[PDB]
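*Asks:* If you scroll down you'll find the structure; I have some questions about it.
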Amino acid sequence: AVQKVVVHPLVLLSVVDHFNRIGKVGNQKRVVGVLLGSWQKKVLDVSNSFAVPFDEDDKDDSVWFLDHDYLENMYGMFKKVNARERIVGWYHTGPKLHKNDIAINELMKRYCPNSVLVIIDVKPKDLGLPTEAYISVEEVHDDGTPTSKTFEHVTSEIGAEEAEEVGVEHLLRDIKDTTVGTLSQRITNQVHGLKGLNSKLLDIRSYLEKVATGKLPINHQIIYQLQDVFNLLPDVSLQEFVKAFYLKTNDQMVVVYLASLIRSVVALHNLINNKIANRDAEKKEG
Amino acid sequence: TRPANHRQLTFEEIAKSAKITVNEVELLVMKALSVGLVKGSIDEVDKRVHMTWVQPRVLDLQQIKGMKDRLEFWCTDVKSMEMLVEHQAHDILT
Amino acid sequence: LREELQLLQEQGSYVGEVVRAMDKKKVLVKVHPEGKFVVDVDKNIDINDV
Amino acid sequence: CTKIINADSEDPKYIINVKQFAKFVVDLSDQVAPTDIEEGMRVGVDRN
Amino acid sequence: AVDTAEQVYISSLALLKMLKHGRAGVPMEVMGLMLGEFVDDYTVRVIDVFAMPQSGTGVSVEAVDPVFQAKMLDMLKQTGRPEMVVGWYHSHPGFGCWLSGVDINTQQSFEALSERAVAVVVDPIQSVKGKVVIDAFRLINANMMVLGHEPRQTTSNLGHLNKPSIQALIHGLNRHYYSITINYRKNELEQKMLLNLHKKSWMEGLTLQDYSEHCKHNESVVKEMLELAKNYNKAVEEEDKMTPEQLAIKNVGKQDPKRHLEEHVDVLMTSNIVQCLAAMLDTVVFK
Amino acid sequence: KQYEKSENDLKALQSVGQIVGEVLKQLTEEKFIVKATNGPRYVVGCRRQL
Amino acid sequence: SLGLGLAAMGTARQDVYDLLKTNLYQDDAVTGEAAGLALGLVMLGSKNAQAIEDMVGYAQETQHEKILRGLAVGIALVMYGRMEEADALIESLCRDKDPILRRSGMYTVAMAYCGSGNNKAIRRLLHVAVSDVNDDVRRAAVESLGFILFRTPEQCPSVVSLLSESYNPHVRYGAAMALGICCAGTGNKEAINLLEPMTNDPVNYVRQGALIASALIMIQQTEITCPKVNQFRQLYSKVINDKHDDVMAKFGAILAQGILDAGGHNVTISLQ
Amino acid sequence: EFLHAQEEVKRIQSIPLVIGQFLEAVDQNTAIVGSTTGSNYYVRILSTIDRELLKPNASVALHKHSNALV
Amino acid sequence: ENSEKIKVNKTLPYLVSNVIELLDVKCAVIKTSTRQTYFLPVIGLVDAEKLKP
Ligand SMILES: [Zn+2]
């Protein structure tokens, strides 16, 4: 059971270039490569990657090629230049995963047993998702379902490292916004923080429309049982939470009589100091 | 049946629907708190039973339909009142 | 402030006691933990100021 | 210049001290005769 | 046909492979190869960087493995892109950048093979704050040794990107090689996906950082601001004609006037507004 | 068995050392004052979870 | 080609236009400056269908940048004083992320709006003069001020009064040339008051452009006409007989000697 | 730009710094400091430290390269 | 090929030293003739049973 993966920011980048290498002839719309990593704890780390020649045909949709020979020797070279690094899994792109991914994963679990795949989104780069990591489990099934492979979820993030954030800050130099700017910046944090509140809402909007309609089979295990836990929270009981709002008056009180008065009086000093310096330099000009 | 709208249930509703006597509704709810399918509390001067409930189970498809309507009211409150904030604070946004 | 930040990002100087001066803008200085040295002067300092 | 402690057979394996710096184990160069590298002898030693 | 003011293009991944391989072997002067393309007469670009295994000799021509050369190139032809080598690099940790003795010997082999084969020297441990100490250099001949080296001509982009630094011009630099200009091939489809994905937090914008940690902070700052107001009273009621611009410079204390003023009041303003706006929006949204 | 010892040696080629010192006092929660066994004093920190 | 485009400047002749196209599609790196400049000169003030379209279509897929900088001035020079008809092209070139092509649009908005006090021009050109990130396009913003305001030279010292006092030298450089090209040959003494700290800058090349702009303003002006003539002739003579300045620092000085006595004191510069 | 000037100044003091001792004060913001490495130096100091903590002596922090008082 | 690589990685300039103690969590403390104390996670091209303080 893997806790989470850590995206070193060289690997994604090194997927973008190889998608751009074949992209002049790119019509396969997918690039499989090998995900090198550093196994630390239950938490996982990723440091490097490389590619592999890959083909696949939708006709019979099981005809494909992972070059074992290319995977042995080139990883052997990265072992020689760096003994710290080993394989932890693989990756592909083209955000809709395809039916073959059971076959690639169950093949190269004989290189690392708890292997893990990461889907990146090279063209989608817009709203809320950097990557995603999948994992395989095989229990009986459930209480009552037929057995299968069933790609499961591992939560993901983007990590960093000292002496690579230097390459982050120096290569961008573009907008260079700090978190400070507490009037302008924090309000916009509340703005687009809420623009994802309806974005996750419109996603949970669309899911129960197409399962109440009843197209896809209802996941009786987690897909609403975790929502059954969720939908009781929102407590808004009034007549004691109405009495939260003299603390609102208390938070107001420091703003009103302290910050409006002193800011006005200090700028009033700048009037008399200027009106003296105006005319006493004017009457001494002649 | 009432999803936390006014979840402070009165004792007579339990004593009628469970058809248990009035004096044993307290020993009945202390057992359900002892098992752990509910995490409420008990008043006795008013004999109203306050409810906080964390135990999940199946919901027959019909309760998704009511869950859709509550999610749609949830939609236009988030959507329209964000348009209020953005149009008000547009010039300090950048 | 930027002019203040650039001048502080600069290697520090050494302190050394002058024994006595040579001729033509040269002196005789042991630093602190080394041998003695015959070095050159800058523009603003003079032999007679030593 | 340094001083030599000893040598080993079939190879240089020269053990050399400074008495102020550290003690190195180094190789002979090309311009030497390997006979006159007797022990306790002051010898000219490269910097690199 | 002779040199001008050139330009060096480096890819975004190339610089990241430099600093990572330098940070890995920080004591022992790591070594690697540089793979790019010669696009014209006098602008060079590089797309790719792969390193070298550590040799016991050090940074020299003996650290180049020819069987690790050709077989690594054998793989990159059939996968990704085949292209010609255009140079090399190493790391020099003890100083910023200048070609040393064994540096310049292996350069002569490369310029005998290639046209230019530009060297690259990077200190990994000096680059800390927000800038990188990277510079690329290129050896000169002995035919113009009593003449002016770097034969540069009709351009005006030579005075930038560095003046020759004195820790670098005390060695070779001038009458031995020349310095060259380096900018970055900054691209889209990489820039925003590095920016938005590295610094991001969704639900942080409407958290509360509570009240029990926050009313205590509002409690504290007002108390010394009261004494700051008492110190603000003291200078205002003073108001003497002791040449008050000279009276202020003989009363410097890194203190009151206007600097130790409303700066605190601005922090008291911004903290409570972001606290109360987050409080009012959360009552609005949720039921 | 011989190839096992060779691959252990290829693993055994990155012991860039560690510096032995002693903690003099605690400055803050993540700042300390240490000193080398023959060298100067420093202000340091820990790794992550020490 | 530079000689052919200059002698046949403004002809809109088809035969010189045709062989300049097949010169452009040679795809050599070093004649790209040669093809692009002459292709604009034969199509100066034309607003042709194929001229703008082929040049703006060619200026993205190429691999060099001398090919781009020749076509940068060339598509700026194919339109001249249209004053409203370039606005779709002005919006198109600046919205692109090519830094040379954004710079090329800044020379295009200069040449389409010559001598007119357009409020929309001075709003938009100053807007990208603030917010843009590349230094070269920021210069061509603040260099284009004299091209749109030389008819009324009085506003130019007032608007470049604080443009000469930015933090980067690139804005201060194009500020100095803007004094040189707005006011052509006036004995202003207000711009000369501005140029005196400009030639006393820490950075070398902004002093260089200050020396050239001081040379541009005071050709054929005696000491009785304005009292700053012989002050700067010996200032030019000081820095040219100085030893410890840059070649960059003295390139403007020897050029200022060439400007100040040009034509044997018989000709002048006057865009008006 | 005034905030980025504040940021790059106020992260000069979060470095694994070396420890020295204050020895003498020359003038405004320039002093002699002796290090625990010996070999007495002469550096410029910051613009932040209140100067009432350096009267004959102080345990002080020093930069690695520029060796300034921090 | 591995033994050839170890052959070219045993340079010449062997800095002699002194081993003071040995630990496990394989671990050893090294004092050089520069009188500097070092610590290792990995010993190297020897055997720990062949060594001693
Ligand atoms: Zn070197």
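Residues in the structure tokens are numbered from 1 in each chain, the chains being A, B, ... in the order shown, and ligands are numbered from 1 in the order shown.
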Would you name the residues within 7 Å of ligand 1, counting only C-alpha atoms and all ligand atoms, and put them as a PyMOL selection string?
*Replies:* chain E and resi 90-92+98-100+103+121
*Asks:* Counting only C-alpha atoms, what is within 12 Å of residue 1 of chain C, bar same-chain residues fewer than 5 positions away, as number ranges by chain?
*Replies:* C: 6-8; H: 1-9, 46-47
*Asks:* Write a file of the just-selected residues containing N, CA, C and O atoms, as a PDB file, in the first residue's frame.
*Replies:*
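Written output follows (result.pdb):
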```pdb
ATOM      1  N   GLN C   6      23.815  45.086  -3.449  1.00  0.00           N
ATOM      2  CA  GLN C   6      24.876  44.613  -4.328  1.00  0.00           C
ATOM      3  C   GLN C   6      26.249  44.792  -3.691  1.00  0.00           C
ATOM      4  O   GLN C   6      27.121  43.930  -3.847  1.00  0.00           O
ATOM      5  N   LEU C   7      26.454  45.891  -2.966  1.00  0.00           N
ATOM      6  CA  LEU C   7      27.748  46.156  -2.343  1.00  0.00           C
ATOM      7  C   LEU C   7      28.017  45.245  -1.157  1.00  0.00           C
ATOM      8  O   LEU C   7      29.178  45.021  -0.802  1.00  0.00           O
ATOM      9  N   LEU C   8      26.969  44.719  -0.528  1.00  0.00           N
ATOM     10  CA  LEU C   8      27.170  43.775   0.564  1.00  0.00           C
ATOM     11  C   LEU C   8      27.504  42.385   0.038  1.00  0.00           C
ATOM     12  O   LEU C   8      28.153  41.590   0.724  1.00  0.00           O
TER      13      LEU C   8
ATOM     14  N   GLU H   1       8.600  45.765  -6.559  1.00  0.00           N
ATOM     15  CA  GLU H   1      10.061  45.726  -6.563  1.00  0.00           C
ATOM     16  C   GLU H   1      10.623  46.015  -5.181  1.00  0.00           C
ATOM     17  O   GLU H   1      11.692  45.513  -4.815  1.00  0.00           O
ATOM     18  N   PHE H   2       9.914  46.822  -4.394  1.00  0.00           N
ATOM     19  CA  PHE H   2      10.325  47.064  -3.020  1.00  0.00           C
ATOM     20  C   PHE H   2      10.082  45.842  -2.143  1.00  0.00           C
ATOM     21  O   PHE H   2      10.780  45.655  -1.143  1.00  0.00           O
ATOM     22  N   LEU H   3       9.118  44.994  -2.507  1.00  0.00           N
ATOM     23  CA  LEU H   3       8.898  43.769  -1.744  1.00  0.00           C
ATOM     24  C   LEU H   3       9.895  42.686  -2.129  1.00  0.00           C
ATOM     25  O   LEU H   3      10.316  41.896  -1.277  1.00  0.00           O
ATOM     26  N   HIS H   4      10.275  42.621  -3.408  1.00  0.00           N
ATOM     27  CA  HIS H   4      11.308  41.671  -3.807  1.00  0.00           C
ATOM     28  C   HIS H   4      12.675  42.084  -3.290  1.00  0.00           C
ATOM     29  O   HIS H   4      13.544  41.229  -3.089  1.00  0.00           O
ATOM     30  N   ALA H   5      12.888  43.383  -3.080  1.00  0.00           N
ATOM     31  CA  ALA H   5      14.102  43.821  -2.406  1.00  0.00           C
ATOM     32  C   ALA H   5      14.075  43.432  -0.935  1.00  0.00           C
ATOM     33  O   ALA H   5      15.115  43.107  -0.356  1.00  0.00           O
ATOM     34  N   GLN H   6      12.893  43.467  -0.315  1.00  0.00           N
ATOM     35  CA  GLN H   6      12.776  43.021   1.069  1.00  0.00           C
ATOM     36  C   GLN H   6      12.986  41.519   1.189  1.00  0.00           C
ATOM     37  O   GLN H   6      13.574  41.049   2.169  1.00  0.00           O
ATOM     38  N   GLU H   7      12.522  40.756   0.199  1.00  0.00           N
ATOM     39  CA  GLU H   7      12.579  39.302   0.289  1.00  0.00           C
ATOM     40  C   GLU H   7      14.010  38.792   0.179  1.00  0.00           C
ATOM     41  O   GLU H   7      14.450  37.976   0.994  1.00  0.00           O
ATOM     42  N   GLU H   8      14.755  39.277  -0.815  1.00  0.00           N
ATOM     43  CA  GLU H   8      16.129  38.835  -1.019  1.00  0.00           C
ATOM     44  C   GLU H   8      17.076  39.329   0.067  1.00  0.00           C
ATOM     45  O   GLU H   8      18.128  38.718   0.271  1.00  0.00           O
ATOM     46  N   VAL H   9      16.730  40.409   0.765  1.00  0.00           N
ATOM     47  CA  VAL H   9      17.490  40.803   1.945  1.00  0.00           C
ATOM     48  C   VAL H   9      17.168  39.887   3.117  1.00  0.00           C
ATOM     49  O   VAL H   9      18.070  39.328   3.753  1.00  0.00           O
ATOM     50  N   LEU H  46      25.099  44.597   7.833  1.00  0.00           N
ATOM     51  CA  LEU H  46      23.777  44.755   7.235  1.00  0.00           C
ATOM     52  C   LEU H  46      23.204  46.142   7.523  1.00  0.00           C
ATOM     53  O   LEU H  46      23.905  47.073   7.929  1.00  0.00           O
ATOM     54  N   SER H  47      21.907  46.304   7.276  1.00  0.00           N
ATOM     55  CA  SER H  47      21.194  47.536   7.580  1.00  0.00           C
ATOM     56  C   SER H  47      20.062  47.317   8.572  1.00  0.00           C
ATOM     57  O   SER H  47      19.220  48.205   8.745  1.00  0.00           O
TER      58      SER H  47
END
```
*Asks:* Tell me, as a PDB file with N, CA and C atoms, in the first residue's frame, which residues lie within 12 Å of residue 67 of chain B, counting only C-alpha atoms; anything in the same chain fewer than 2 positions away does not count.
*Replies:*
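Below is the file that was written, around28.pdb:
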```pdb
ATOM      1  N   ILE A 204     -19.346  16.575  -9.497  1.00  0.00           N
ATOM      2  CA  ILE A 204     -20.260  15.713  -8.756  1.00  0.00           C
ATOM      3  C   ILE A 204     -21.693  15.950  -9.224  1.00  0.00           C
ATOM      4  N   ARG A 205     -21.946  17.067  -9.917  1.00  0.00           N
ATOM      5  CA  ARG A 205     -23.210  17.244 -10.625  1.00  0.00           C
ATOM      6  C   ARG A 205     -23.376  16.193 -11.710  1.00  0.00           C
ATOM      7  N   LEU A 208     -23.781  11.804 -10.642  1.00  0.00           N
ATOM      8  CA  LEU A 208     -25.059  11.237 -10.228  1.00  0.00           C
ATOM      9  C   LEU A 208     -26.191  11.547 -11.201  1.00  0.00           C
ATOM     10  N   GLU A 209     -25.954  12.376 -12.218  1.00  0.00           N
ATOM     11  CA  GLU A 209     -26.922  12.468 -13.302  1.00  0.00           C
ATOM     12  C   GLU A 209     -26.863  11.232 -14.189  1.00  0.00           C
ATOM     13  N   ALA A 212     -28.008   7.897 -11.790  1.00  0.00           N
ATOM     14  CA  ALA A 212     -29.381   8.008 -11.333  1.00  0.00           C
ATOM     15  C   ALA A 212     -30.158   7.703 -12.632  1.00  0.00           C
ATOM     16  N   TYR A 224     -20.756   6.374  -3.018  1.00  0.00           N
ATOM     17  CA  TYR A 224     -21.771   7.154  -2.336  1.00  0.00           C
ATOM     18  C   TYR A 224     -21.831   6.850  -0.852  1.00  0.00           C
ATOM     19  N   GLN A 227     -20.048   9.371   0.431  1.00  0.00           N
ATOM     20  CA  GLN A 227     -20.892  10.557   0.339  1.00  0.00           C
ATOM     21  C   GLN A 227     -22.017  10.511   1.366  1.00  0.00           C
ATOM     22  N   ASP A 228     -22.423   9.302   1.768  1.00  0.00           N
ATOM     23  CA  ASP A 228     -23.403   9.152   2.838  1.00  0.00           C
ATOM     24  C   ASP A 228     -22.842   9.661   4.161  1.00  0.00           C
ATOM     25  N   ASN A 231     -22.896  13.930   3.647  1.00  0.00           N
ATOM     26  CA  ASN A 231     -24.018  14.838   3.441  1.00  0.00           C
ATOM     27  C   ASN A 231     -24.793  15.154   4.736  1.00  0.00           C
ATOM     28  N   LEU A 232     -24.153  15.081   5.901  1.00  0.00           N
ATOM     29  CA  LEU A 232     -24.806  15.440   7.150  1.00  0.00           C
ATOM     30  C   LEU A 232     -24.143  16.619   7.855  1.00  0.00           C
TER      31      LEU A 232
ATOM     32  N   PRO B   3     -33.127  14.423   6.980  1.00  0.00           N
ATOM     33  CA  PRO B   3     -31.653  14.539   6.905  1.00  0.00           C
ATOM     34  C   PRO B   3     -31.108  15.841   7.491  1.00  0.00           C
ATOM     35  N   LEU B  59     -28.433   3.521  -0.372  1.00  0.00           N
ATOM     36  CA  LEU B  59     -29.502   4.466  -0.594  1.00  0.00           C
ATOM     37  C   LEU B  59     -30.175   4.044  -1.896  1.00  0.00           C
ATOM     38  N   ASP B  60     -31.418   3.558  -1.816  1.00  0.00           N
ATOM     39  CA  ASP B  60     -32.166   3.147  -3.014  1.00  0.00           C
ATOM     40  C   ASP B  60     -32.232   4.340  -3.959  1.00  0.00           C
ATOM     41  N   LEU B  61     -31.978   4.095  -5.256  1.00  0.00           N
ATOM     42  CA  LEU B  61     -31.872   5.148  -6.290  1.00  0.00           C
ATOM     43  C   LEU B  61     -32.779   6.376  -6.134  1.00  0.00           C
ATOM     44  N   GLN B  62     -34.013   6.191  -5.647  1.00  0.00           N
ATOM     45  CA  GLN B  62     -34.945   7.303  -5.433  1.00  0.00           C
ATOM     46  C   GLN B  62     -34.372   8.407  -4.536  1.00  0.00           C
ATOM     47  N   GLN B  63     -33.472   8.061  -3.610  1.00  0.00           N
ATOM     48  CA  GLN B  63     -32.902   9.086  -2.742  1.00  0.00           C
ATOM     49  C   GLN B  63     -31.749   9.832  -3.406  1.00  0.00           C
ATOM     50  N   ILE B  64     -31.266   9.347  -4.550  1.00  0.00           N
ATOM     51  CA  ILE B  64     -30.387  10.139  -5.395  1.00  0.00           C
ATOM     52  C   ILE B  64     -31.144  11.287  -6.052  1.00  0.00           C
ATOM     53  N   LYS B  65     -32.422  11.081  -6.377  1.00  0.00           N
ATOM     54  CA  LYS B  65     -33.250  12.111  -7.012  1.00  0.00           C
ATOM     55  C   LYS B  65     -33.439  13.312  -6.091  1.00  0.00           C
ATOM     56  N   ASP B  69     -31.675  17.368  -6.293  1.00  0.00           N
ATOM     57  CA  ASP B  69     -32.336  18.659  -6.128  1.00  0.00           C
ATOM     58  C   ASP B  69     -31.644  19.490  -5.060  1.00  0.00           C
ATOM     59  N   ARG B  70     -31.133  18.827  -4.023  1.00  0.00           N
ATOM     60  CA  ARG B  70     -30.362  19.538  -3.013  1.00  0.00           C
ATOM     61  C   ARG B  70     -29.011  19.969  -3.557  1.00  0.00           C
ATOM     62  N   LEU B  71     -28.453  19.208  -4.501  1.00  0.00           N
ATOM     63  CA  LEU B  71     -27.184  19.587  -5.109  1.00  0.00           C
ATOM     64  C   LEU B  71     -27.377  20.705  -6.128  1.00  0.00           C
ATOM     65  N   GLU B  72     -28.583  20.819  -6.693  1.00  0.00           N
ATOM     66  CA  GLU B  72     -28.839  21.872  -7.670  1.00  0.00           C
ATOM     67  C   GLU B  72     -29.099  23.206  -6.980  1.00  0.00           C
ATOM     68  N   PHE B  73     -29.728  23.177  -5.803  1.00  0.00           N
ATOM     69  CA  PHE B  73     -29.843  24.382  -4.988  1.00  0.00           C
ATOM     70  C   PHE B  73     -28.466  24.812  -4.498  1.00  0.00           C
ATOM     71  N   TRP B  74     -27.637  23.829  -4.153  1.00  0.00           N
ATOM     72  CA  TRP B  74     -26.231  23.979  -3.803  1.00  0.00           C
ATOM     73  C   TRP B  74     -25.427  24.556  -4.966  1.00  0.00           C
TER      74      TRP B  74
END
```
*Asks:* So how far away is atom CA of residue 161 of chain E from atom CA of residue 138 of chain E, in Å?
*Replies:*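 Distance between the two atoms: 15.7 Å.
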*Asks:* Taking only C-alpha atoms into account, find every residue of chain A that has an atom no more than 12 Å from chain B, and write it out as a count of residues only.
*Replies:* 57
*Asks:* Using Å and a single decimal, report how far atom CA of residue 41 of chain H sits from atom CA of residue 18 of chain C.
*Replies:*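 Result for atom CA of residue 18 of chain C versus atom CA of residue 41 of chain H: 15.5 Å, one decimal.
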*Asks:* Where in segment 3-88 of chain B does DSSP assign strand (DSSP E or B), given as a CSV table (one decimal) with N, CA, C and O atoms, in the first residue's frame?
*Replies:*
```csv
chain,number,residue,atom,x,y,z
B,9,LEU,N,-34.9,15.1,17.5
B,9,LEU,CA,-36.1,14.3,17.5
B,9,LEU,C,-36.7,14.2,18.9
B,9,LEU,O,-36.1,14.1,19.9
B,10,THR,N,-38.1,14.3,18.9
B,10,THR,CA,-38.8,14.2,20.1
B,10,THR,C,-39.0,12.8,20.5
B,10,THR,O,-39.0,11.9,19.7
B,41,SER,N,-26.6,12.8,21.4
B,41,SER,CA,-26.7,13.1,22.8
B,41,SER,C,-28.1,13.1,23.2
B,41,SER,O,-29.1,13.2,22.4
B,42,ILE,N,-28.3,13.1,24.6
B,42,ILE,CA,-29.7,13.0,25.1
B,42,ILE,C,-29.9,14.2,26.1
B,42,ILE,O,-29.1,14.4,27.0
B,48,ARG,N,-35.9,15.7,24.4
B,48,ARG,CA,-35.6,15.7,23.0
B,48,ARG,C,-34.2,15.1,22.8
B,48,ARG,O,-33.3,15.4,23.5
B,49,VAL,N,-34.0,14.3,21.7
B,49,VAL,CA,-32.8,13.6,21.5
B,49,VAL,C,-32.1,14.2,20.3
B,49,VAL,O,-32.6,14.2,19.2
B,50,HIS,N,-30.9,14.8,20.6
B,50,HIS,CA,-30.1,15.5,19.5
B,50,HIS,C,-29.3,14.4,18.8
B,50,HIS,O,-28.8,13.4,19.4
```
*Asks:* Within 9 Å of chain H, which residues of chain F are there when counting only C-alpha atoms? Please give them as a list in words.
*Replies:*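 Filtering chain F at 9 Å from chain H with only C-alpha atoms gives residues 31, 33, 39, 40, 41, 42, 43, 44 and 45 of chain F.
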*Asks:* Find, counting only C-alpha atoms, the residue in D:22, D:37, D:32, D:43 that gets nearest to chain I.
*Replies:*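 Among the listed residues, D:22 lies closest to chain I.
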*Asks:* What's the separation between atom CA of residue 98 of chain G and atom CA of residue 137 of chain G, in Å to one decimal place?
*Replies:*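 Distance reported for this atom pair: 10.4 Å.
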*Asks:* Excluding residue 2 of chain I and its own-chain neighbours fewer than 6 positions away, which residues fall within 10 Å of it when counting only C-alpha atoms? Please give them as a count of residues only.
*Replies:* 5
*Asks:* Residues of chain E no more than 10 Å from chain F, counting only C-alpha atoms: send them over as a PyMOL selection string.
*Replies:* chain E and resi 24-28+54
*Asks:* Give me the residues within 9 Å of segment 123-127 of chain A as an mmCIF file with N, CA, C and O atoms, in the first residue's frame, counting only C-alpha atoms and dropping any in the same chain fewer than 4 places off.
*Replies:*
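As written to disk, around_0.cif reads:
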```cif
data_model
loop_
_atom_site.group_PDB
_atom_site.id
_atom_site.type_symbol
_atom_site.label_atom_id
_atom_site.label_comp_id
_atom_site.auth_asym_id
_atom_site.auth_seq_id
_atom_site.Cartn_x
_atom_site.Cartn_y
_atom_site.Cartn_z
ATOM 1 N N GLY A 94 -1.851 11.020 -23.015
ATOM 2 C CA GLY A 94 -3.095 10.877 -23.728
ATOM 3 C C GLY A 94 -4.215 10.543 -22.771
ATOM 4 O O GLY A 94 -4.608 9.381 -22.656
ATOM 5 N N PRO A 95 -4.738 11.573 -22.073
ATOM 6 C CA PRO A 95 -5.367 11.409 -20.736
ATOM 7 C C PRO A 95 -6.417 10.314 -20.589
ATOM 8 O O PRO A 95 -6.645 9.848 -19.465
ATOM 9 N N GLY A 196 -13.061 26.766 -7.933
ATOM 10 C CA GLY A 196 -12.917 25.327 -7.931
ATOM 11 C C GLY A 196 -13.974 24.655 -7.078
ATOM 12 O O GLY A 196 -14.196 23.447 -7.200
ATOM 13 N N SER A 199 -16.399 23.950 -9.477
ATOM 14 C CA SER A 199 -15.821 23.045 -10.465
ATOM 15 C C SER A 199 -15.867 21.603 -9.979
ATOM 16 O O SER A 199 -16.171 20.686 -10.751
ATOM 17 N N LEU E 189 3.944 25.840 -23.392
ATOM 18 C CA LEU E 189 3.516 24.441 -23.212
ATOM 19 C C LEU E 189 4.394 23.799 -22.139
ATOM 20 O O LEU E 189 4.153 22.652 -21.756
ATOM 21 N N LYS E 192 3.854 27.439 -18.123
ATOM 22 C CA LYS E 192 2.717 27.545 -17.218
ATOM 23 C C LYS E 192 2.481 26.231 -16.487
ATOM 24 O O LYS E 192 2.063 26.228 -15.322
ATOM 25 N N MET E 193 2.787 25.102 -17.131
ATOM 26 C CA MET E 193 2.590 23.817 -16.468
ATOM 27 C C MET E 193 3.685 23.547 -15.444
ATOM 28 O O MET E 193 3.575 22.613 -14.645
ATOM 29 N N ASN E 196 2.063 26.665 -12.479
ATOM 30 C CA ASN E 196 0.824 26.378 -11.769
ATOM 31 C C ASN E 196 0.875 25.047 -11.034
ATOM 32 O O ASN E 196 0.158 24.868 -10.047
ATOM 33 N N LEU E 197 1.713 24.117 -11.474
ATOM 34 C CA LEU E 197 1.758 22.802 -10.856
ATOM 35 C C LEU E 197 2.740 22.717 -9.698
ATOM 36 O O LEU E 197 2.624 21.802 -8.877
#
```
*Asks:* Could you please tell me, as a list in words, which residues of chain F have an atom within 7 Å of chain I when using only C-alpha atoms?
*Replies:*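 Putting it all together, I get residues 6, 9, 12, 15, 17, 18, 19, 20, 37 and 38 of chain F.
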*Asks:* Would you give me, as a tab-separated table, each residue of chain E having an atom within 6 Å of an atom of chain A, along with its shortest atom pair and that distance in Å to one decimal, using only C-alpha atoms and sorting by chain and residue number?
*Replies:*
```
residue	atom	partner	partner_atom	distance
E:53	CA	A:81	CA	4.8
E:80	CA	A:21	CA	5.4
E:130	CA	A:166	CA	5.5
E:131	CA	A:170	CA	6.0
E:202	CA	A:193	CA	5.7
E:205	CA	A:189	CA	4.8
E:206	CA	A:190	CA	5.8
E:265	CA	A:259	CA	5.8
E:269	CA	A:255	CA	5.9
```
*Asks:* For the residues in that selection, give me C-alpha atoms as a PDB file, in the first residue's frame.
*Replies:*
```pdb
ATOM      1  CA  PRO E  53      30.455   7.655 -14.995  1.00  0.00           C
ATOM      2  CA  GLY E  80      13.583  10.220 -29.291  1.00  0.00           C
ATOM      3  CA  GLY E 130      17.778  32.764  -7.103  1.00  0.00           C
ATOM      4  CA  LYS E 131      20.516  32.851  -9.715  1.00  0.00           C
ATOM      5  CA  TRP E 202      -6.871  24.776  -3.653  1.00  0.00           C
ATOM      6  CA  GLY E 205      -7.704  30.272   0.213  1.00  0.00           C
ATOM      7  CA  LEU E 206     -10.761  30.015   2.477  1.00  0.00           C
ATOM      8  CA  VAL E 265      -1.695  49.373  11.185  1.00  0.00           C
ATOM      9  CA  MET E 269      -5.935  46.028   8.584  1.00  0.00           C
TER      10      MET E 269
END
```
*Asks:* Residue 233 of chain E: which residues within 10 Å, counting only C-alpha atoms, same-chain residues fewer than 5 positions away excluded, as a VMD selection string?
*Replies:* chain E and resid 227 to 228 238 256 to 257
*Asks:* Write the residues of the preceding selection, restricted to N, CA and C atoms, as an mmCIF file, in the first residue's frame.
*Replies:*
```cif
data_model
loop_
_atom_site.group_PDB
_atom_site.id
_atom_site.type_symbol
_atom_site.label_atom_id
_atom_site.label_comp_id
_atom_site.auth_asym_id
_atom_site.auth_seq_id
_atom_site.Cartn_x
_atom_site.Cartn_y
_atom_site.Cartn_z
ATOM 1 N N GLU E 227 1.956 52.387 23.010
ATOM 2 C CA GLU E 227 3.205 53.049 23.365
ATOM 3 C C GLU E 227 3.863 53.671 22.140
ATOM 4 N N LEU E 228 3.651 53.080 20.961
ATOM 5 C CA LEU E 228 4.101 53.710 19.723
ATOM 6 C C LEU E 228 3.343 55.006 19.472
ATOM 7 N N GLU E 238 6.872 68.034 20.852
ATOM 8 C CA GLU E 238 8.197 68.615 20.996
ATOM 9 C C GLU E 238 8.306 69.867 20.137
ATOM 10 N N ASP E 256 10.158 55.636 15.533
ATOM 11 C CA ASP E 256 8.849 56.265 15.278
ATOM 12 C C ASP E 256 8.469 56.936 13.960
ATOM 13 N N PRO E 257 8.541 58.281 13.939
ATOM 14 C CA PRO E 257 8.160 59.239 12.907
ATOM 15 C C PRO E 257 7.046 58.678 12.043
#
```
